[PDB]
Every structure is written in structure tokens, then in C-alpha cells.
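Engineer: What follows is a structure written as C-alpha cells; I'll ask about it next.
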RNA sequence: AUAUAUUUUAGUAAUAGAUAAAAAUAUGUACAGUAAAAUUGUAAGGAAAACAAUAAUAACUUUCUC
RNA sequence: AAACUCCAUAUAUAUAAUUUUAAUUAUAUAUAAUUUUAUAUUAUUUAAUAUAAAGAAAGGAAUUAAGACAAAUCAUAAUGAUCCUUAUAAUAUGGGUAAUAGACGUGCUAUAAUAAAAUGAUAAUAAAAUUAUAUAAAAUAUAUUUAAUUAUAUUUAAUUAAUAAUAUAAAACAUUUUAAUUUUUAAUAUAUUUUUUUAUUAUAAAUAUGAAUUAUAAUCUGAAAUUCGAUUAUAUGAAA
Ligand SMILES: Nc1nc2c(ncn2[C@@H]2O[C@H](COP(=O)(O)OP(=O)(O)O)[C@@H](O)[C@H]2O)c(=O)[nH]1
Ligand SMILES: [Mg+2]
Ligand SMILES: [Mg+2]
Ligand SMILES: [Mg+2]
Ligand SMILES: [Mg+2]
Ligand SMILES: [Mg+2]
Ligand SMILES: [Mg+2]
Ligand SMILES: [Mg+2]
Ligand SMILES: [Mg+2]
Ligand SMILES: [Mg+2]
Ligand SMILES: [Mg+2]
Ligand SMILES: [Mg+2]
Ligand SMILES: [Mg+2]
Ligand SMILES: [Mg+2]
Ligand SMILES: [Mg+2]
Ligand SMILES: [Mg+2]
Ligand SMILES: [Mg+2]
Ligand SMILES: [Mg+2]
Ligand SMILES: [Mg+2]
């Protein structure tokens with residue numbers, strides 16, 4: 001008893017998935033570029049078209065945000081938060097960050113800005129938004145024999161596709177291969193005539209490698225090969241990113257069960273192990289400017305692990321595996337992860353946001369009409385808990401109290 | 001038409017029945033037929049002899 | 001004692017004399033666990049009112065004696 | 001609740017080698033798997049060389065054709081087993097059956 | 001559609017849960033163990049199963065104690081209880097509650113299905 | 001009321017053409033309780049069977065040659081005769 | 001081992017014996033056979049369900065054999 | 001009757017070497033209201049409405065008279081009369097008070113998506129009360145390959161208490177999941193909705209509700225758990 005047009009989903013899903021961004025005002029806002037941050041240092045800025053294209057493919061813009069409020073997802077540049085982070089990324093020798101903060105402070109937005117910057121500066125981006133998919137057991141998996149770990153060839157395929165599409169092909173096909181690669185063929189065409197696909201050293205490309213389509217049991221092998229290729233190449237920078245890394249840290253054991261009925265460890269998987277290797281000084285990328293940018297989510301569980309990894313708490317040895325996994329900490333220490341605290345909004349920034357919302361026509365009538373502007377701003381600041389952006393946004397729009 | 005129990009009964013009945021389970025008739029050549037007769041007759045004689053031996057004993 | 005450790009529930013009885021010569025054992029215990037040492041001995045287990053004759057089962061070995069002497073009468077209704 | 005001319009069970013007269021096999025199976029496989037069976041009664045039989053007994057539905061599940069698959073036979077039916085000897089009298093027939101490993105328990109006539 | 005060991009299954013039915021629902025011998029833990037042995041990802045659906053995969057569950061199911069024999073053991077247990085002049089056996093025969101309950105009022109479920117031939 | 005399988009027209013077996021029912025039978029080896037094997041013709045498809053409870057391990061067939069079990073199993077550490085002597089005072093009866 | 005094509009099988013159903021006192025075609029003809037009761041038994045089975053058994057071989061023919 | 005009374009409230013004073021700390025408290029002693037004042041608007045100096053300025057100022061408990069109902073209690077206890085005194089008095093062992101056709105109250109749990117379940121350790125936020133016929137912390141072991149959870153066992157740290165323990169309150173709020181529901185899944189492509197979209201293929205009246213009833217195994221208390229107790233596990237999964 002359902003039509004195509006009617007809304008059948010729950011609220012959060014509906015807001016994400018039903019395009020109510022359709023009925024919205026076009027806004028001629030400035031464009032996000034790191035080279036011209038001096039112009040737009042503390043102003044709202046729409047992303048470039050290319051950036052948007054890349055960012056959507058990656059999975060930067062998320063469901064629980066209020067990206068439905070505008071024509072397209074929008075951020076502002078911040079001197080204390082985003083700009084400073086970008087400068088650190090540019091300058092630091094290690095280039096290896098974990099974006100920490102309170103729930104709703106704007107970690108994913110920071111990640112999206114970092115991605116956009118990377119796109120602008122001719123870099124490949126391997127984004128893993130929501131590791132919950134590979135960590136929790138809701139897709140097929142298999143123990144590979146060559147690689148001593150469990151591969152996940154539904155998730156992997158999706159990740160490969162994202163990598164292919166998020167990045168431009170000219171930058172991606174500038175990379176020649178280091179080794180030759182045999183794979184099982186899995187096209188509808190030429191299945192009889194082509195059971196095996198071969199990529200040569202100099203002739204073939206990384207783009208071509210990505211476009212390969214194998215059976216599930218070779219997909220993990222393909223992924224491994226791709227990562228190796230990207231590590232070897234020194235022509236283009238590789239930005240690796242993992243958002244909701246908190247889940248990964250806490251969920252040490254996956255929901256998958258091996259032959260004997262017991263839970264599989266995250267480092268015994270392909271994806272989680274690979275990710276950990278990337279984080280640590282192990283799969284070292286040949287080029288400079290090649291970063292790993294991790295991001296915590298307030299959604300996920302909190303425990304002693306991440307604080308212990310960083311310069312926060314001394315290592316209590318007696319706390320349990322559930323609330324403190326030491327292997328993960330050790331791995332984090334190995335690859336010198338310098339954490340980045342996202343600061344809460346200043347008064348001026350809050351005011352600027354409120355002004356933008358007014359321009360876009362999100363503010364309620366009781367806020368605008370018959371009220372001093374400065375007083376309203378102060379109230380908004382108070383209700384957000386002194387500049388939590390999400391909380392502020394909620395007070396503005398989702399209050400109706 | 002029929003229940004699962006009825007079906008299973010029919011199957012059981014079939015197991016016992018000669019319907020479409022039995023081969024062709026054992027036809028022989030005349031020489032073969034004679035050979036068979038000589039085999040059977042000799043055997044019967046042997047059996048009789050054995051019976052007499054046991055009976056005599 | 002129900003729990004496997006510390007089991008079974010043992011009671012003093014005139015067992016050996018019954019074993020020697022078939023003299024039924026009039027139990028008023030009802031909570032003594034039956035043992036393998038008395039299968040094929042005649043017991044006369046109390047029912048509240050009247051002692052109940054039972055030749056202890058080979059399968060009864062796990063159970064209590066009172067489980068085989070049903071105390072209440074089988075219920076009925078006078079359809080008036 | 002019995003009508004006239006209604007199909008109700010079945011019979012089978014075994015003779016020679018099949019009969020012998022059936023007896024051997026009874027002696028070895030089936031009648032030992034009956035738990036508390038003393039024997040065929042000594043008061044059982046015809047006046048002249050015929051002895052009989054019967055198996056419950058519980059007892060038929062020990063036959064190897066039945067025994068091999070419990071699943072194929074949900075239901076199972078008891079049976080009477082009339083053994084006919086070439087004996088002049090019944091004690092002779094009983095003795096003969098004993099020779100073929102049939103146990104006999106009751107007080108003889 | 002997807003048949004396995006005689007029991008029919010609708011598609012999109014999570015395998016372990018479906019197994020628990022249908023097969024008498026198994027609950028939650030047993031179904032999970034079976035899935036682990038065979039190597040299905042948890043929350044895999046019944047429609048996703050290939051023909052070789054289905055057979056191994058049937059092969060697994062067959063290996064495990066199931067259904068009529070498992071029911072028989074419980075029916076056998078109650079038959080055993082009945083045989084020996086036991087209180088529990090007596091309760092089973094008379095269709096009253098067995099587990100030391102009250103029956104002045106509310107003993108309707110027991111009356112309905114405390115038989116010697118229990119299950120159905 | 002009466003559950004039946006309703007008969008079709010019967011197939012006419014002509015006089016002389018009636019053939020004896022030779023059922024399909026396999027030669028089946030029965031190993032009894034002890035290692036004595038015996039061949040028997042059988043309709044079920046199983047070349048070998050080994051039996052647990054036979055005449056060759058039943059006391060009735062060879063006189064010259066599980067609640068209790070459960071109890072023994074779960075009161076095994078105690079080892080339960082001496083025990084009888086200990087727990088058998090014949091004063092009270 | 002697997003794919004397609006062309007076939008073949010599976011519609012699973014009783015009598016297997018000139019059937020012989022369960023029931024069913026009640027008139028022709030041909031061939032063949034014998035019932036019942038009572039008694040002794042046998043799983044539920046009991047006075048009363050089904051199945052088994054219950055008169056005599058002198059002489060004759062054929063077969064094997066001392 | 002009201003009032004004095006108690007609890008709770010507001011204020012003041014006292015005391016507490018601010019390690020028995022919670023001073024944001026506890027407890028003795030006061031004071032405080034059955035609130036006051038003024039402007040108007042209706043009805044006759046007052047009384048209800050409204051407005052204003054002054055205040056922390058707004059509840060609950062106990063107390064339920066006379067008579068009546070020959071209301072309830074001789075089973076809290078006591079006493080009158082009357083009856084029993086080897087029994088209607090006294091002690092032990094077991095059984096019963098838990099029986100089950102129908103019926104009648106009180107409750108509890110349910111019949112799923114404005115509602116159920118997993119999870120949430122710099123442990124979100126309470127109060128009141130108990131612990132020398134005790135309260136039992138941490139930690140080890142088993143159920144259970146990680147560990148946590150829950151349940152037992154092992155063994156008693158601390159305190160007989162503003163000091164330690166019972167005891168990290170729970171809803172809340174947040175992520176995840178949820179059949180009925182082809183209102184979803186997974187194979188392909190697809191892309192500026194990517195924890196997602198579109199296309200084409202295949203996915204065909206009690207559940208992944210409920211927890212009655214029963215089977216087996218363990219554990220707890222006790223000397224003892226059969227009639228007849230309480231947990232945990234693996235199955236069972238009515239009715240609704
Ligand atoms: N920094 C920043 N954040 C914003 C802006 N606009 C909205 N946000 C909010 O940033 C939030 C993302 O915070 P995040 O740290 O991902 O929350 P978490 O997932 O709970 O950790 C969203 O909820 C947005 O509402 C902006 O212009 N800048
Ligand atoms: Mg986040
Ligand atoms: Mg089930
Ligand atoms: Mg008063
Ligand atoms: Mg203090
Ligand atoms: Mg009064
Ligand atoms: Mg009165
Ligand atoms: Mg009265
Ligand atoms: Mg009195
Ligand atoms: Mg008295
Ligand atoms: Mg007493
Ligand atoms: Mg009572
Ligand atoms: Mg009441
Ligand atoms: Mg519900
Ligand atoms: Mg503890
Ligand atoms: Mg305390
Ligand atoms: Mg909490
Ligand atoms: Mg129903
Ligand atoms: Mg349930």
C-alpha cells in the first residue's frame with residue numbers, strides 16, 4: 001500500500017534520502033579554496049563542483065547532519081578550527097592526524113574540508129566513512145589462503161568503486177604499475193573467452209587495475225595489489241581517511257564467526273588490518289604530502305584506549321580488554337598520531353552562521369521579527385552550550401518549543 | 001487431489017506392486033534351453049541322492 | 001541434598017535385614033533418595049494415612065520414596 | 001466398529017528358504033531386543049505340531065529393514081506368527097523349535 | 001521458496017533465526033554454531049544461499065539431534081515417568097499442572113496440553 | 001468417514017502370463033554383537049550392518065557365558081558393601 | 001567437471017493365480033474345486049473381530065536308493 | 001470544627017578545626033501568613049472580580065465527635081457463663097492448609113514501530129533506608145575464546161556506620177536493529193541523496209511479538225525441597 005512519491009522511511013532516513021533540498025533558495029556563496037583562505041577566512045562557503053562530486057562519492061556528507069536545509073551541503077572556514085588544521089597538515093613532517101572533540105562539534109565537516117583541499121591540490125583520496133559496515137557482520141566474508149586474513153568481498157567492491165569515482169581519472173591514470181597482476185575475470189562478456197585478466201608493468205595503469213572485476217575470492221587480492229601500487233607511487237599524494245574511527249578502536253572483535261563458534265578479531269580481517277597498517281609506520285607511502293586523517297564520532301562507544309594512545313592518561317594495566325585494548329594503542333604509538341581537538345564556535349562565528357541561516361531563510365519568525373539581533377545571538381550561544389554547532393542548529397530549527 | 005499421507009501410501013503400494021518394475025521374459029535358444037534342462041535335472045538327481053543318503057543314515 | 005555435590009539424601013533404614021530375608025521396610029521418610037543398593041527390596045512408604053507397598057523400581061534409582069506414595073485422593077465433582 | 005468385506009491388514013505364508021531366513025532373523029536380531037521376554041509359552045500351540053506367538057508394534061522396529069530407517073516407518077503394526085511343524089504332537093514341535101534357538105518359559109501341559 | 005530439510009522458508013529471512021523458528025531441536029545458540037561451521041556471515045538471508053550451501057545445513061541438521069526423535073526422547077521421558085507410579089507421571093496422565101503449581105484457578109494451559117503424547 | 005484409496009480399473013493378468021514377484025534384494029552382511037558375520041538377502045540398500053543388541057550378547061541365549069546408570073554417573077566422585085553397612089541400622093522400622 | 005540441444009524416463013495405485021466360501025456382473029458356455037460347525041492355540045483380542053491347525057494310505061505309476 | 005502538632009518551605013543564630021564533609025550539608029533554637037496593602041468595576045460601611053507592589057510564601061500527614069449498625073474480633077490478649085479432665089489437655093513422625101468441574105473478586109504479564117530489544121568505564125542524573133540472630137567490596141574460577149554482561153562458586157577487604165558495604169539508580173538522551181511490509185534484501189550497472197539514489201533481474205492472519213506449558217542438566221537455602229521452595233542453562237514456544 002505504498003507509492004513511489006510517498007514517504008515510507010523513518011524521520012532521519014527520510015531527511016537524508018527524500019530530496020527536500022529541492023525546494024530551497026539558490027545562494028551565490030563563495031567557493032572553498034585553501035590557496036585563497038585569506039579572502040574567505042571567517043565566512044560561509046559552498047564547495048566547488050568538482051569537490052562536491054568527489055565528496056559525495058567518498059561519503060563525506062552524512063545523514064544526521066542538516067544538509068537538507070540548503071541547496072547543497074555548506075560549511076564555513078574557521079581560523080581556530082579548520083584553517084589551523086589545514087596549516088598543520090601542510091607543514092608537519094609526519095602528516096598523521098586524529099580529529100577529536102565533543103559530539104556535534106564538527107569533525108566530519110573538518111574531514112570533508114580536508115578531502116576538498118586534497119581534491120583541489122591534485123591528490124587521491126581513499127575514504128572509509130563508517131567502518132561499522134566492514135566491522136559489524138552484515139555482508140559476506142571469506143578466509144583467503146594467500147593473505148592470512150578474512151576478506152570481505154561486498155564491502156571491498158564498494159570501496160574500490162568509491163575510490164574509482166571520487167578521484168579524477170587523469171590524476172589516477174598518471175601512475176604506471178610496479179608489478180604485473182593476474183586476476184580471475186568476471187565480466188558478463190567474454191566469460192568463456194576470458195577467464196583471466198592480466199595487467200602488465202609499464203603498459204597498464206592504476207585506473208585499469210581499479211576497473212578490474214573478479215570473483216569474490218580474488219577481490220581481496222585485487223585490493224591488496226591496489227594498496228601496494230599506491231604505496232609504491234611517488235607521483236601523486238594519497239589521502240587516507242577513516243571517520244567514526246572510535247567504533248574501530250572500541251569494536252576490537254567483529255561479529256563474524258570462524259569455523260569454530262567464536263568471534264573474529266578486527267586485525268584478523270582484511271580491511272581492519274589494512275587500515276591499521278596504513279595508520280602505523282608500515283605501509284609507508286612513497287610520496288610526501290600523503291596523509292592519514294582519522295575522525296572520532298560521539299555516536300560510538302568511549303573507553304580508555306584512545307586516551308591512553310594519546311598524551312592523556314597513564315597506562316593502567318589492570319583495566320579490561322573491553323575497556324582498554326593495548327595492541328591498538330601500541331599501533332597508534334608506532335605511527336606518530338598527533339591528535340587535533342576541534343574547538344567550539346566563537347561568538348562571532350555563531351553570529352555569522354545565524355546570519356547565513358537567515359539569508360537562506362531557515363530562521364523562524366519568532367526569532368527574526370520583534371527581537372534584537374545581538375540578544376538573539378547571545379541566546380543561541382547560551383543554548384548551544386557556548387558554540388556546539390549541531391546543538392545551535394537544533395535550537396534554531398528543530399526546537400519548536 | 002491427494003494428501004501427503006495418501007501420496008506416501010501410494011509410494012508404499014508401488015514398492016510391493018509389479019507395475020512397470022519387471023523386466024522382459026527370459027527367452028532362451030533351443031540349445032540353451034536343453035543345457036538348462038540338463039543342469040536342472042542333474043541337480044534334482046543329486047538332491048534326491050543326498051536325501052536318500054541322509055534318510056538311509 | 002539435591003545438588004550433585006553432597007548428594008544423595010541418605011536416611012537410616014532396616015536395609016540389610018530386608019536383603020537377607022524378605023521383610024518389607026516401613027518407611028515414614030518420604031524424602032530418602034532411592035539408591036542402587038535397594039532395588040528389588042519391598043518398601044511400605046507412608047502416605048500420611050496408610051503405608052503404601054512398593055517394590056522399588058530399577059528405574060526409580062534417582063527418585064525419592066515419597067514420589068511413589070500419592071498423598072491426596074484423585075479429585076472428582078459431584079454433579080448435582 | 002467393523003463392517004464386512006473391508007481390507008484390514010495382511011498375511012504371508014513363508015515356505016522353504018525365506019521362512020528359514022525369517023526364523024533366523026527372529027532368533028538372532030529381533031527377539032533378543034525385546035527387553036523382558038522370557039520365551040514362547042509352553043501352553044501355546046495346537047494339539048498337533050503347531051506353535052504360535054505374537055509381536056507388538058514396539059517389537060517390529062527391531063527388524064533390520066524396518067531398523068535401518070526409523071523415519072520411513074512412523075506407524076508400525078503388531079503381528080501373529082503361526083509356526084507349522086511336521087510334528088505329531090506339540091511337545092515335539094516345541095523341542096524342534098528349541099533346537100533352532102527359540103526359548104520356552106511357561107509350565108508345559 | 002528456499003526449501004531445506006523439508007521445512008519451507010520465505011526469502012529475506014535471516015538464516016540462523018529462520019532455523020531457530022522452524023527446526024524443533026535448535027534455538028538461537030545452536031543455529032549460530034551451525035552458521036559458523038558452514039561459514040555464513042551473520043544476518044545472511046535465506047534467499048542468498050546457493051545449492052551446495054543449502055545441502056550442508058541439511059547435512060548439518062541431519063547430524064544434529066532433531067525433531068521426532070528429540071520429541072520422542074521427551075515423550076519417552078514422560079512415558080518412563082508414567083510407567084513408574086510417580087507423581088509427575090500421574091499429573092501428566094490426568095492433564096493437570098506438573099511443576100508444583102496451584103489449580104484452584106488458572107490451570108488451563110496444563111489441561112490443554114499436559115498429555116503423555118505431549119507435542120504437536 | 002472411512003479413509004480410503006479409491007480403486008482404478010484392475011489390469012487383466014491373462015492366464016499363463018502371470019509372473020512371480022521377484023523383489024529387488026541385496027546381499028547384506030550382518031555382523032552380530034561379536035565378530036560373527038552372517039549374509040542375508042534384504043530389500044533395503046545397505047551392504048553392511050553391525051548389530052549392538054543380539055542373541056550373541058543376550059543372557060537368555062547364552063546363560064553359561066537408564067536411571068541407575070545416570071545415578072552412577074552423577075554420584076561417581078563419591079563412589080556411593082561398606083556403604084550399606086554404614087547406612088543400615090535395623091532398630092527403627 | 002560443467003553449459004546448451006535433442007530425446008528417454010518419473011503420472012509412481014494393489015489381481016501375478018484358471019485365483020476357489022471377504023465383498024463385487026444373478027442369464028450362456030468351457031475348465032476346475034469344496035463348504036460349515038466345533039475344537040486347540042496365537043500382539044492389542046475379551047462369549048463375540050483375524051490367521052493357523054484338526055479322518056485313513058492298502059494297492060498303483062514315476063523318480064532316487066539299500 | 002478551627003487553632004496549637006508533625007513533615008516540607010523561607011530567613012536568622014548557634015555548632016561542625018570543611019579528612020565521619022554532603023557546608024550545594026545536618027540539627028537544635030527562634031521568626032514567618034488562616035498573608036498584606038492600594039486603584040478600579042458590579043452590587044449593597046462592606047464583598048466578589050480585575051489590575052498593581054510587597055513577599056520564599058504553595059502543599060501533605062496526624063487528628064474522623066455523639067449516637068447508631070446486637071457491624072468485625074472469645075484465633076493478639078484477657079474475663080463471665082458453659083462444656084472437656086487418660087482428654088476437647090501434652091509430645092514426636094509423616095500428611096494437609098498448595099486438592100480442582102463451573103463461578104467470583106483483586107493483581108502481574110502480555111497482544112510490536114507516537115514501541116520493543118543490543119550497546120553506552122575519564123562510568124548522565126536521585127532520594128529514602130538497612131547492615132553483632134550481620135551488609136559482603138574487590139579479585140579469581142566455571143557457564144562462555146577473547147572481555148563485558150548475567151548467574152553461581154572460591155574468599156572475606158572494609159563498617160557495626162554522616163566514616164565501609166547493600167548500590168556505577170532507571171527511565172532519559174545517542175547510535176544500531178526490528179516481522180507483519182517486493183515499505184526489504186543482493187547481482188549487475190548507475191551518480192553532485194554514496195551509513196544513500198535510480199534502472200533491470202531474482203527475492204511467494206502469531207513474528208526476529210508473547211512467554212504459558214513441559215523435558216533434561218546444573219546451582220541456592222536448609223538436617224530435609226516427593227507431595228511443596230528460589231535461581232541459571234539448553235530445548236519446549238498455549239492462549240492472546
Ligand atoms: N565545523 C563546522 N561544523 C558544522 C558546520 N555546519 C554544521 N556543522 C555541524 O557539524 C556536525 C558534525 O559533527 P561530528 O563531530 O561529526 O558529530 P559526531 O558524528 O557526533 O562526532 C554536524 O552535526 C553539523 O550540524 C560548519 O560550518 N562548520
Ligand atoms: Mg561522526
Ligand atoms: Mg523451534
Ligand atoms: Mg482539627
Ligand atoms: Mg565539604
Ligand atoms: Mg462517632
Ligand atoms: Mg452480630
Ligand atoms: Mg462472626
Ligand atoms: Mg472466652
Ligand atoms: Mg487433642
Ligand atoms: Mg507434626
Ligand atoms: Mg492460603
Ligand atoms: Mg486488598
Ligand atoms: Mg512490543
Ligand atoms: Mg564483587
Ligand atoms: Mg557509605
Ligand atoms: Mg549509567
Ligand atoms: Mg493463535
Ligand atoms: Mg520472544
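Neighbour counts are summed over all protein chains in view; Cβ atoms, including those assigned to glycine, are modelled from backbone coordinates with ideal geometry. Since every read-out is calculated from the coordinates, none of them should be taken as a lab result.
Engineer: Based on the Kirkwood radius over alpha-carbon pairs, what value in µm²/s does the Stokes-Einstein equation return for the translational diffusion coefficient of the protein assembly as shown at 4 °C and 1.567 mPa s?
Structural biologist: On the way: Rh = 37.3 Å.
So the translational diffusion coefficient is about 35 µm²/s.
Engineer: Same structure, new question: On C-alpha positions alone, give me the angle between the axis of helix A:270-279 and the longest principal axis of chain A, in degrees, nearest 10.
Structural biologist: 70
Engineer: With every atom except the alpha carbons ignored, what do you get for Rg and Dmax of the range A:294-371, in angstroms?
Structural biologist: 20.7, 60
Engineer: Using every Cα-Cα pair within the range A:20-73, state what percent have a distance larger than 12 Å. Before the final figure, lay out the partial values.
Structural biologist: Working: 1001 of 1431 pairs.
In whole percent, the long-distance tail amounts to 70.
Engineer: Sticking with this one: How shielded is F:2-10 by partner chains, expressed as the average number of their Cβ atoms within 10 Å of its Cβ atoms? Don't skip to the answer; put the middle values down first.
Structural biologist: Details: counts 3, 4, 3, 6, 0, 0, 0, 0, 0.
So the per-residue partner count for this stretch is 2.
Engineer: On a C-alpha basis, how far is the centre of the range F:15-93 from the centre of the range D:1-28 in Å? Whole number, if you could?
Structural biologist: Distance between centres, Cα-based: 25 Å.
Engineer: Once each part is reduced to its C-alpha centroid, what is the distance from the range A:1-45 to the range A:246-268 in angstrom?
Structural biologist: Distance between centres, Cα-based: 36 Å.
Engineer: Once you have a ≥ b ≥ c as the square roots of the Cα gyration tensor eigenvalues for the range A:144-259, tell me rounded if a/c is under 1.5, and otherwise prolate or oblate according to whether a/b is larger than b/c. Please list the in-between numbers first.
Structural biologist: Numbers: a/c = 1.96, a/b = 1.21, b/c = 1.61.
Verdict is oblate for the range A:144-259.
Engineer: So how do F:2, A:161 line up by other beta-carbon neighbours within 10 Å, fewest first? The partial results should precede the final answer.
Structural biologist: Working: F:2 6, A:161 13.
Going from sparsest to densest Cβ surroundings: F:2, A:161.
Engineer: Then there is this: Taking only Cα atoms and a 10 Å spring cutoff, compute GNM fluctuations for chain A and point out the largest among A:295, A:24, A:309.
Structural biologist: It is A:24.
Engineer: Okay, next question. What nm value, rounded to one decimal, do you get for the distance between residue B:3 and residue A:176 when each label is placed 7 Å out toward the C-beta?
Structural biologist: 8.0
Engineer: Related question: When the Cα centres of chain B and the range A:295-329 are compared, how far apart do they sit, in Å?
Structural biologist: 83
Engineer: Follow-up. May I ask you to derive the FRET efficiency for residue D:34 and residue D:86 from their Cβ-Cβ distance with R0 = 25 Å, giving the value to the nearest 0.05? Write out the running numbers ahead of the final one.
Structural biologist: Working: r = 28 Å, r/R0 = 1.11.
The formula returns an efficiency of 0.35 here.
Engineer: Among A:77-86, F:15-24, A:144-153, what's the highest-first ranking by average C-beta atoms within 10 angstrom per residue? The partial results should precede the final answer.
Structural biologist: Numbers: A:77-86: 19.0, F:15-24: 8.0, A:144-153: 17.4.
Listed from highest to lowest mean packing, they are A:77-86, A:144-153, F:15-24.
Engineer: With a point put 7 Å past each Cα toward its Cβ, work out how far residue D:2 is from residue C:20 in nm, to one decimal.
Structural biologist: Result: 5.7 nm between the two label points.
Engineer: Okay, moving on. Over chain C, what is the relative contact order in whole percent, taking alpha-carbon pairs under 8 Å and six or more residues apart? Please list the in-between numbers first.
Structural biologist: Numbers: 119 pairs, mean separation 19.4, N = 80.
In percent, rounded to a whole number, it is 24.
Engineer: Can I ask one more? Using a 10 Å cut-off on Cβ to Cβ distances, tally the other chain neighbours for every residue of F:83-89 and report the average as a whole number.
Structural biologist: For peptide F:83-89, the averaged partner shielding equals 5.
Engineer: From Cα pairs below 8 angstrom and at least 6 apart in sequence, can you work out the relative contact order of chain D, rounded to a whole percent? Don't skip to the end; give the middle numbers.
Structural biologist: Details: 122 pairs, mean separation 37.0, N = 109.
34 percent.
Engineer: Provide a whole-number value for the mean count of partner chain Cβ atoms within 10 Å of the Cβ atoms in peptide C:63-69. Display every interim value, and only then the final one.
Structural biologist: Values: counts 7, 2, 0, 1, 8, 6, 2.
Mean shielding count: 4.
Engineer: Return the distance in nm (one decimal) between the two label points of a simple spin-label model at residue A:121 and residue A:348, each offset 7 Å from Cα along Cα→Cβ.
Structural biologist: 2.5
Engineer: If we sort A:349-356, A:382-389 on the protection proxy, mean other Cβ atoms within 10 Å, highest first, what's the order? The partial results should precede the final answer.
Structural biologist: Working: A:349-356: 18.8, A:382-389: 17.1.
In descending order of packing, they fall as A:349-356, A:382-389.
Engineer: How much length is gained if the chain between residue A:9 and residue A:42 is pulled fully straight, taking 0.36 nm per residue apart and subtracting their Cα-Cα distance, in nm to one decimal? Write out the running numbers ahead of the final one.
Structural biologist: Details: separation 33, 0.36 × 33 = 11.88 nm, distance 3.71 nm.
Gain on extension, residue A:9 to residue A:42, equals 8.2 nm.
Engineer: Out of the DSSP beta bridges found with both residues in the protein assembly as shown, what percent are antiparallel (nearest 5)? Present the calculation step by step, with values, prior to reporting the outcome.
Structural biologist: On the way: 31 of 56 bridges.
If we restrict to bridges inside the protein assembly as shown, about 55 percent are antiparallel.
Engineer: Kindly express, to the nearest 10 degrees and within the range 0 to 90, the angle between helix A:216-232's C-alpha long axis and the longest C-alpha principal axis of chain A.
Structural biologist: The helix A:216-232 is inclined about 70 degrees to chain A.
Engineer: Expressed as an acute angle from 0 to 90° and rounded to the nearest 10, what is the orientation of the C-alpha long axis of helix D:90-99 relative to the principal long axis of chain D?
Structural biologist: Helix D:90-99 sits at roughly 70 degrees to that axis.
Engineer: While we're here: Of the residues A:125, A:163, A:264, which exhibits the maximal mean-square fluctuation in a Gaussian network model of chain A defined by a 10 Å Cα contact cut-off?
Structural biologist: Maximum fluctuation in the GNM of chain A, among the listed residues, is at A:264.
Engineer: Another question about this same structure. Could you put A:70, A:245, A:196 in order, starting from the residue whose Cβ has the fewest other Cβ atoms within 10 Å?
Structural biologist: Working: A:70 20, A:245 24, A:196 9.
Result, fewest neighbours first: A:196, A:70, A:245.
Engineer: Taking 8 Å as the Cα distance limit and 6 or more residues as the minimum spacing, I'd like the relative contact order of chain A as a percentage.
Structural biologist: 19
Engineer: Rg and Dmax of chain B, using alpha carbons, in Å: what are they?
Structural biologist: Rg then Dmax for chain B, in Å: 22.5, 66.
Engineer: Given springs between every Cα pair under 10 Å in a Gaussian network model of chain E, which of E:91, E:99, E:71 has the largest fluctuation?
Structural biologist: Top of the fluctuation ranking is E:99.
Engineer: Ranking D:6, C:63, E:47 by Cβ neighbours within 10 Å, fewest first, what do you get?
Structural biologist: Values: D:6 8, C:63 20, E:47 13.
Lowest to highest Cβ neighbour count: D:6, E:47, C:63.
Engineer: Rounded to two decimals, what is the ratio between the C-alpha radius of gyration of chain A and 2.2 N^0.38 Å?
Structural biologist: Numbers: Rg = 22.7 Å, N = 401, 2.2 N^0.38 = 21.5 Å.
Chain A yields a ratio of 1.06.
Engineer: Return the calculated 222 nm mean residue ellipticity for chain A, to the nearest 500 deg cm²/dmol, obtained by summing -39500 (n - 2.57) across DSSP H runs with n ≥ 4 and dividing by the residue count.
Structural biologist: Numbers: 17 runs with 150 residues, N = 401.
Helix-only estimate at 222 nm: -10500 deg cm²/dmol.
Engineer: Divide, for the range A:1-110, the radius of gyration over alpha carbons by 2.2 N^0.38 Å, where N is the residue count. Mind showing how you got there, number by number?
Structural biologist: Numbers: Rg = 16.7 Å, N = 110, 2.2 N^0.38 = 13.1 Å.
Against the empirical 2.2 N^0.38 Å value, I get 1.27 for the range A:1-110.
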